[PDB]
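Q: Take this sequence and fold it.
(chains A, B, C, D, E, F and G, ligands or ions: 7)
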Amino acid sequence: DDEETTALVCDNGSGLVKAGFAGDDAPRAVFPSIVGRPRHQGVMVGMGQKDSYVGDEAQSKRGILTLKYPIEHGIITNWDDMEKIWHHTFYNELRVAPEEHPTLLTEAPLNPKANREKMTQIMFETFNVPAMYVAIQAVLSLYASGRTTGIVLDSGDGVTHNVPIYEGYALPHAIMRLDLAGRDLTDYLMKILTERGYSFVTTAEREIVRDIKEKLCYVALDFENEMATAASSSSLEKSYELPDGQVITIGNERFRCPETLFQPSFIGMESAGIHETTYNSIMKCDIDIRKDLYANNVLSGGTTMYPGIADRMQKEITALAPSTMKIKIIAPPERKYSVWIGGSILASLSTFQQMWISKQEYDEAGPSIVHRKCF
Amino acid sequence: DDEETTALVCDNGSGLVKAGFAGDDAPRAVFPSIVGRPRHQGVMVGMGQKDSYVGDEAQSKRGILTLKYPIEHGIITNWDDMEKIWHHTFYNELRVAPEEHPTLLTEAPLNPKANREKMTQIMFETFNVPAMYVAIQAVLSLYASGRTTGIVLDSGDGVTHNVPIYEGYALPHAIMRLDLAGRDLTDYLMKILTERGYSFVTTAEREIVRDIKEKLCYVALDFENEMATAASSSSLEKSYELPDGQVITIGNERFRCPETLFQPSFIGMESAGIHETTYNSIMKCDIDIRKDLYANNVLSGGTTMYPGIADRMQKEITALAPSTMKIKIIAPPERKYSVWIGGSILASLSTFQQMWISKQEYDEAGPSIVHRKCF
Amino acid sequence: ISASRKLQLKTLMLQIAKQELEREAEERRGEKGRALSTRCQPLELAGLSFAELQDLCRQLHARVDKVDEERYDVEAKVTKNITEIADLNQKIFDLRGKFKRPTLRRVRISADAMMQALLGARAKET
Amino acid sequence: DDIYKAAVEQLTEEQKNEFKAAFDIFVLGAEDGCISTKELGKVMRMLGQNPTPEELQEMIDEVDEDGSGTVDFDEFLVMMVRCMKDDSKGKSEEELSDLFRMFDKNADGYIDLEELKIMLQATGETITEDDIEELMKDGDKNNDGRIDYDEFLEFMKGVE
Amino acid sequence: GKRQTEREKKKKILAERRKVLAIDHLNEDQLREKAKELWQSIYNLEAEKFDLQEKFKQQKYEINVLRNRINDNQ
Amino acid sequence: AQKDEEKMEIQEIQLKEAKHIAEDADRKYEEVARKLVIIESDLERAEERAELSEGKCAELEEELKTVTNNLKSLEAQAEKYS
Amino acid sequence: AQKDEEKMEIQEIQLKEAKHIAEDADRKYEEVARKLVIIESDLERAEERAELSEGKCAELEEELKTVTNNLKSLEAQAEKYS
Ligand SMILES: Nc1ncnc2c1ncn2[C@@H]1O[C@H](COP(=O)(O)OP(=O)(O)O)[C@@H](O)[C@H]1O
Ligand SMILES: Nc1ncnc2c1ncn2[C@@H]1O[C@H](COP(=O)(O)OP(=O)(O)O)[C@@H](O)[C@H]1O
Ligand SMILES: [Ca+2]
Ligand SMILES: [Ca+2]
Ligand SMILES: [Ca+2]
Ligand SMILES: [Mg+2]
Ligand SMILES: [Mg+2]
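A: Numbering: from 1, shown residues only, chains lettered A, B, ... in the order given. Ligands and ions are numbered 1, 2, ... in the order given. For reference, the structure is listed below:
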């Protein structure tokens, strides 16, 4: 590289911040988005103890911290912590001053306006970027698949949203946003582990339960048969070693944790599973583009990485859909970073180069410029 | 081919534009005449999205367009869209510049003058043709049958008109133009389908209802007997698969949709059916040419393609007409393109070669030349 | 065979193409000069009285109006060509494209950098 | 590392052995005078950033024919130095389009085999049967004996 | 009407880029200067016409190439 | 002894990572195998459907020609009556 | 020292087992992936063939319907003519 100017494709997310320069294949720095103040007193003098460890540093000292995510469900609830996370991302994980780089944030659909306006105001006043643009997290995941149609189910860690798109024309009346995501699955797993004796309570042990969920849980092809099998044999019980020994054995908690996605009544949510909100999102579309959406169903986001979900979802939709249509579920192996790869592709386009929100434009219309033509 | 110069036999119609070079058997390019602007927002950048898809391209992207026909009932209501349709027809479906080809448009009888004058003004100023001529849509359909007498009922998609001709001398006082045609039958079918639960509202779904009408509906030989039979047995219920599945079953809506032709009281029109306006058109003629018109009744136009209409119409006219005359209904298998075949034959004649409206003549008398000797 | 020879052949083709483009540009300049010599006859109006000057100016005005009408026709045809080109490019992106997304690579193995940073600079390449 | 290896090829092959020494100074245990299968697999699986075996196979498919990952010296060079990225954006596409326009002399939009021979003669390069056969095989993706514009762009994709 | 639009544009061209050559009362030196400037205008118009001709030829050739590639689409 | 213990610790770490990667590869293999099972089923279904449609087409051709001959005979009959 | 020697030995044995099993699993995955690609190509071909056959069958059905209706009409006409 050299002259010229590259764009910063940041992607706030909720659970893992993924960032990197535009035009690459994978994000340069991926690290949890947690800011944890120490909670004990501290007796050693001169140890160089800081007041807040952010990012991946607080996943190593988590034994004496109180980690707290600054993004609850897509929306940002603690602006100071989010500013700290952004400052860390720019200066220590990428080491590029923001004064010389455009930024491309990402935002979930149907989020509060004030969140987006505050985001752009921060990026323009504190970090003082040249130009920033906010994009919907599902259109990027559709970019990365190299398609131009299809209905994308982006089940992140904060919020699961399902944006249908045809021929490049998004259908704003058919977006079905559901707030069940990876975090609720972690909490439900932590709640059902108590049925064997293992109690995880501290906010640090939520990370251990998350690791258990990632490494062991899988989505059952048929729920009742698995419940019957796990209750007779013992071929499912997989063991796992805690960070201090005392291995634990997970029985039928393995496929009961991610089953909450298809039956949100487990955690008390009323709505229908991710297998039926996709069909409802399709049926709201026009009658002539339903075949294409059926054939190009796209999966993205981290939580769709459970082993065996691309078959359960296809079976469910085939049960719901008319018998003639072909149901195909696109599940690329690079699912987790699909949104960021799409963001890199979009930022690398020449046609897109004039859509950025230039700073002089913000100076003339204020932060409310984001809702205007420069979307 | 080679030297020399061939004529362009265009035929605007209302519902399908049929065009092709003079002297062939079938039109070269046949495509619906609809121009549909996109209606949603559009989020993909650089997708190459145009502002208006015309012709057969808008029958494939109709899921996100708002199709609107530029010709309502013979007359043209939206001149910009009609100009766009003509430009597409000349440049992309035939790929022949109009600067080097005479054109032969077609026009329904009893149409407003301003429509015809504007048509010739467009053809001479925008496309800049060498010479154009406008012909009545029924005389051509009489050419194609190889007759020289006969009363032709040209039930198109916009307007149904009934021009009697004897020995080449048209009878201007006996033309009976009725505005019920295929489009009203489509609307009535879409309105009676709601009696089973199927609701089609969008302007895109009108195309689906049109396909249902084309593929399933038929004209009953006797209406009351069919109504009684369809209400007892179930041998009529034919099913049809929508563009997304969910097959539908059409019962006695099959022969009730095209029955509107013979009883225009169904859609609230006062006038008499196409079975009685032909007899009235005959009775206005002189007493000595009624036998020939009875024996040479000609059918044309798209809407006369319903299975079983050439028998119902003959039965009705035989009921009305005196018992001695022989009633014969000419229904060639190439009914749909009969007008265009006749147009090709007329343009290929040597005797007709001096009837074109040459451009210098238009320059001397203005657009009002069409009403003059060069008709 | 190998690939370096193919690269040399490709570079030779590119240089030949550049030479041909330069030659065509020079030919266009020569033809423009020839057109200036042909159409634009030498016009010397020295010593003529006012009347002949007025007549020749009016005739040149009529000729310039004719040339402007011709240029308007040619420019309209050029706009037609631009419209055709835009339509064809749109059709190509719709049909020949789809899976014609760019193929980018930024994940190069920084092995040589690590070797040069932790083991001196014995490597005389990088 | 294509250009650096190509330039160092002006020297002897024994320099490769010295490379092995350097590689051993990382992961000592090599004895065969080259970056052997053990060294190559271990470095591609351990260096901290792990290229996916899919990525390795796709990069190797440019030169590797058996699909395993084992080759001989010069073929190892052509297979492995080509893996790293040097070219950037492949220059400007419109320049390539204008040069291709000037290429096709008969104005049909295709570069036939005869046009290929004409271009070789214009370059002044020695008439070699092997290079001509290689050009015929490469430029003709659809087995028609000729070359198109997108085929030319593919041929020049990454070539200065 | 777009045909009325093109007629309006042509009429405005006939009334905008055209000057009034009523310079009969000007001096012989000034009339010669005006003739020289007219010659310059003629040269400029012819150069624009030649560039338009070459652009049209290149566009026609590239359109033929794109038509051939459209035949190569399917 | 301490140095040998340290080397043993390093070996333990490397063995752990090797086990992780091996299990990941095993996961990939078994998943792809089950996918192949499903795809084979689907391909067999497609073969069956296509053969059925071909049989339908042949039957339709035969019926078409039969009815066409009937129609021609009736045309001749009607001409005679006329 | 005794304990460390035991740990070193058992770790080395386990590491060798792990690497070997990993390589074997990778080979099995490669073969299964190739088989999956072959079956996918076969499925695509079967789909296109079924589409062609369906189109042909639909066309034949339409034409047969037309001809049959013509036959019925001319049949009735012939009876009346007699
Ligand atoms: N391999 C995996 N298996 C199962 N769940 C995973 C896996 N990787 C990540 N997850 C879940 O997905 C979440 C990360 O989702 P991510 O896509 O990073 O969210 P965001 O959209 O905020 O970036 C984690 O919290 C974890 O619960
Ligand atoms: N095979 C068919 N069966 C029944 N109706 C048809 C058939 N084909 C066309 N139509 C009707 O006729 C219309 C086309 O009529 P057409 O003759 O093209 O009108 P125009 O005189 O404007 O060309 C369509 O809108 C359709 O409703
Ligand atoms: Ca090999
Ligand atoms: Ca050629
Ligand atoms: Ca070729
Ligand atoms: Mg996300
Ligand atoms: Mg008509």
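Q: burial of the spatially closest residue to residue A:136 that is not a sequence neighbour, as a residue count?
A: Residue nearest to residue A:136 in three dimensions, not counting chain neighbours: residue A:109, with 5.5 Å by Cβ to Cβ, 6 or more residues apart in numbering or on different chains. All C-beta atoms are positioned from the backbone trio N, CA, C, and that covers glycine. When counting by other Cβ atoms under 10 Å in any protein chain shown, one arrives at 19 neighbours for residue A:109.
Q: same thing with residue A:133?
A: A total of 20 residues lie near residue A:133 under the criterion other Cβ under 10 Å.
Q: Wait, a strand at it?
A: Yes - assessed with DSSP: H, G, I helix; E, B strand; the rest coil, residue A:133 lies in a strand.
Q: I figured it hits residue A:356, correct?
A: Yes - under the contact definition of Cβ atoms under 8 Å, residue A:133 touches residue A:356, with a separation of 5.1 Å.
Q: between those two, what contacts are shared?
A: Any residue near both residue A:133 and residue A:356 by Cβ atoms under 8 Å, 6 or more residues apart in numbering or on different chains counts here, and that gives A:102, A:374.
Q: Dihedrals phi and psi, the residue in chain E that chain C sits nearest to?
A: Residue nearest to chain C within chain E: residue E:59 (3.8 Å; Cβ to the nearest Cβ). In terms of degrees, to the nearest 10, the main-chain angles of residue E:59 are phi -60, psi -40.
Q: residues in contact with it?
A: The neighbours of residue E:59, taking Cβ under 8 Å, 6+ apart as the test, are C:78, C:81, C:82, C:85.
Q: Kindly report the same for residue D:122.
A: Residue D:122 makes contact with residue C:16, according to Cβ under 8 Å, 6+ apart.
Q: Surely it is in a strand?
A: No - in this structure, residue D:122 is helix, not part of a strand, as judged by three-state DSSP.
Q: In contact with the closest residue to chain F within chain D, which residues?
A: For chain D, the nearest residue to chain F under the criterion Cβ to the nearest Cβ is residue D:45, separated by 7.7 Å. When contacts are counted by Cβ under 8 Å, 6+ apart, residue D:45 touches residue F:21.
Q: Would you check how far apart it and residue D:76 are?
A: With distances taken as Cβ to Cβ, to the nearest Å, residue D:45 is found 18 Å from residue D:76.
Q: How many neighbouring residues does the residue in chain D that ligand 6 sits nearest to have?
A: Closest contact between chain D and ligand 6, by Cβ to the ion, is at residue D:52 (21.7 Å). Applying other Cβ under 10 Å, we find 11 other residues in the vicinity of residue D:52.
Q: what do you get for the one 10 residues further on?
A: Residue D:62 is surrounded by 11 other residues when neighbours are defined as other Cβ under 10 Å.
Q: so who does the residue in chain C positioned nearest to ligand 3 touch?
A: With Cβ to the ion as the measure, the residue in chain C that lies nearest ligand 3 is residue C:3; the distance is 16.9 Å. Contacts of residue C:3 were listed using Cβ under 8 Å, 6+ apart, and they are D:78, D:82.
Q: which residues touch residue D:155?
A: The contact partners of residue D:155, taken as Cβ under 8 Å, 6+ apart, are C:10, D:138, D:139, D:147.
Q: Let me see the ranges of the helices in chain E.
A: Assigned by DSSP state H, the helices in chain E fall at E:2-16, E:28-71.
Q: Quick one: closest of those helices to ligand 6.
A: Closest of the helices of chain E to ligand 6 is helix E:28-71, at 39.4 Å (criterion: Cβ to the ion).
Q: List the buried residues for stretch A:27-44?
A: Residues of stretch A:27-44 classed as buried by neighbour count (16 or more other Cβ atoms under 10 Å in any protein chain shown): A:27, A:28, A:29, A:30, A:31, A:32, A:33, A:34, A:35, A:36, A:38.
Q: can you check stretch F:56-75 too?
A: Within stretch F:56-75, the residues that count as buried by 16+ other Cβ under 10 Å are F:56, F:57, F:60, F:63, F:64, F:67, F:68, F:70, F:71, F:74.
Q: What residue in chain D comes nearest to chain B?
A: residue D:93 (14.8 Å).
Q: roughly how far apart are the nearest residue to that residue once chain neighbours are set aside and chain E?
A: Distances taken as Cβ to Cβ, 6+ apart place residue D:153 nearest to residue D:93, at 7.3 Å, with adjacent residues excluded. With distances defined as Cβ to the nearest Cβ, to the nearest Å, the gap from residue D:153 to chain E amounts to 12 Å.
Q: Residue D:153: neighbour count?
A: Using other Cβ under 10 Å, the number of residues around residue D:153 comes to 14.
Q: Quick one: distance of the strand or helix carrying it to the chain centre.
A: For residue D:153, the host element (DSSP states H and E) is helix D:149-155. On the basis of Cα atoms, centre = their mean, to the nearest Å, helix D:149-155 is displaced by 16 Å from the centre of the chain it belongs to.
Q: which parts of that helix are buried?
A: Neighbour-count burial for helix D:149-155, counted by 16+ other Cβ under 10 Å, picks out D:149, D:151, D:152, D:155.
Q: And for stretch F:22-31?
A: Residues of stretch F:22-31 classed as buried by neighbour count (16+ other Cβ under 10 Å): F:22, F:25, F:26, F:28, F:29, F:31.
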